[PDB]
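Below are two forms of the same protein chain, given as structure tokens: structure 1, then structure 2.
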Structure 1
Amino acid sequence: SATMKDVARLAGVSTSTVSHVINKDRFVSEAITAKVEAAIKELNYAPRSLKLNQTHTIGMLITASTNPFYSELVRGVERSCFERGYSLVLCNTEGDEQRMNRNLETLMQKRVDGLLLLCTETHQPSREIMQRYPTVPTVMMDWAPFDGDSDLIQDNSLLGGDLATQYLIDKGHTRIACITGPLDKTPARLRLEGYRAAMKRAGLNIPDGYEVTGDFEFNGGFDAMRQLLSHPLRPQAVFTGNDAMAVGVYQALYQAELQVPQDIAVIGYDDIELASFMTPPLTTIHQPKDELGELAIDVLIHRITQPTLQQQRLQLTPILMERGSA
């Protein structure tokens, strides 16, 4: 005679979070959970580890990009999975939204226990697809394309951009430019904010057009640097929002017949393997990619085994790598 709606009326919470209290498949406040059970009693209402739908498999949806950062991060995740005795299935995704939704749906149809998302820029793989697999937790890496209640594992890019800029300030540069990633991508915005913070703290003015947007790819770095090279007041130094764009920066400087660091100092972000092979080797901010992968897998596995775990939004501190570019 009693339904879940009977329970949720008496309790005064939504039927959807009574279903979460009975299934124990999401985090519910300890308050609410005692009241839902307080209404389950009275109404006498009648409805881990060993699941028919589980496969000991983790899925990961990654962007298609020629930015080595993503491969390096994936490699870290791969290693962590192996070490934890999980198998990892990957799907590249490109193009528009329906393309990206098709790929995600295919991965889910393969019946993974958990999902890692590593997306670029404008990218929303549909909440509608994930809603069709509600028992499957999602952990987002690097940035949250769409927010939500999903766990997030990333570096601290606000601190990162500040470190990079402060480094240049400490080396005596006052005319410091900043090449950003796409500003609708949160890590790019945070790195720009870190740069602004360091400049303000030093009482340094940022000339108009010293902040230039790129695409976090080789080409964006090139286009952005050529723009900066047409500034009447020429920069002494440039914070390039990632190492991929620094590659473009170097190419631009090479064609402009300018030396690094003698004419212009350059500092990147990521510490991709390529950074240490550049000429000169690239001063950059090291993201701990292995630790990020380990942490992401650890969190996802924790949530797989304990659905009620509270949301994790965790930031690892990056480290300046001093080399020859700055």
Structure 2
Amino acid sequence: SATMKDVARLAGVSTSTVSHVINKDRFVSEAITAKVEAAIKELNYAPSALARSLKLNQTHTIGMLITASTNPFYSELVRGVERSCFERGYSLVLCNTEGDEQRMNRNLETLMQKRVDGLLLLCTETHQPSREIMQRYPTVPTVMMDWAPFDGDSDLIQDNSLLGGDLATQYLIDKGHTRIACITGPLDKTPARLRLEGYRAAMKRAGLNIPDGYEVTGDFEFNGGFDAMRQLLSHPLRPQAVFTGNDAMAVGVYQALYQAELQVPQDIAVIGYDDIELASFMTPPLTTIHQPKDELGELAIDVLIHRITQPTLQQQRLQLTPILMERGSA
């Protein structure tokens, strides 16, 4: 392929001038410009962003780490991120940690080695990035949730899972339910833990007891919700209602109840978390805690770009407001 050097040779000029024509960053005469443009079209010049990135030390690339699965939540989140990147002139490199910590650190190292301009750290997993790696490479603008903790510098977005869990439970309490169970995510994941504590707080505040087996762990996926609900149906004291740690698990709950020939909400009332697209299409439609997903992706990018633009800003800190979407499940 033709380089700016090949262009310059044919137009009989310096590569400096070729750069200036292309970038419009320093005055070049109309004649010279025309010659260069002719040479570009003639040779069919194919610019290398790679080579530009090396010299400029910026790639217009964002790296994103997630802990993804069949949970539709992350699909909507990624959609928002990718769209926002495109609109802002950035590429998206996607990494799935898949729970594994070495995998996560290996992903991170690759991203830093490829000199991404910014980082979305949206892993849920307990682990935090090897500081060895972190402090080896130049610091980059970073956004993370309160999900994954971390010792370095980053802008922060808090999901307020605790208030969400409280709100969800409080809603069931306000509907008059007193036997309320909680299907949670893996308790080593912060959002799962916080939602459980929200549930506990609302129950305690209303003086309602939590039977021994009323808190059950699932995996934040369909199957986890299925398994957990089956277990709950074994309990001596049948729940009137269940708060599931997310919408994915609620899908599994629906399936368990279908198999047990139980109706929602007539036999059991259900409330989820996330308000994924699917929630609205469930039968009955799922009452749930709305959290930003696509919108969250867009917000995280906006934060990240603000910092790229103004590198010396103080730490940015945002919080989401959980909101209840009332439908037919509770």
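Residue numbering: structure 1 sequence, from 1. C-alpha atoms forming the largest set that superposes within 1.5 Å between two forms make up the rigid core.
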query: Of structures 1 and 2, the one that is the form deposited without the DNA; finding: 1
query: Comparing forms between structure 1 and structure 2 after core superposition, the one residue of 111, 231, 196, 189 displaced by 2 Å or more at CA; finding: 111
query: Rigid core superposed: residue 175 CA moves 2 Å or more between structure 1 and structure 2; finding: no
query: C-alpha of residue 258 moved at least 2 Å between structure 1 and structure 2 on rigid core; finding: no
query: Core-superposed comparison between structure 1 and structure 2, residue 29 Cα displacement 2 Å or beyond; finding: yes
query: For residue 318, CA displacement between structure 1 and structure 2 after the core is overlaid, in Å; finding: 1.1
query: Rigid-core-fitted C-alpha displacement of residue 290 between structure 1 and structure 2 (angstrom); finding: 3.6
query: Per-residue Cα shift, residue 20, between structure 1 and structure 2 [Å; core superposed]; finding: 33.7
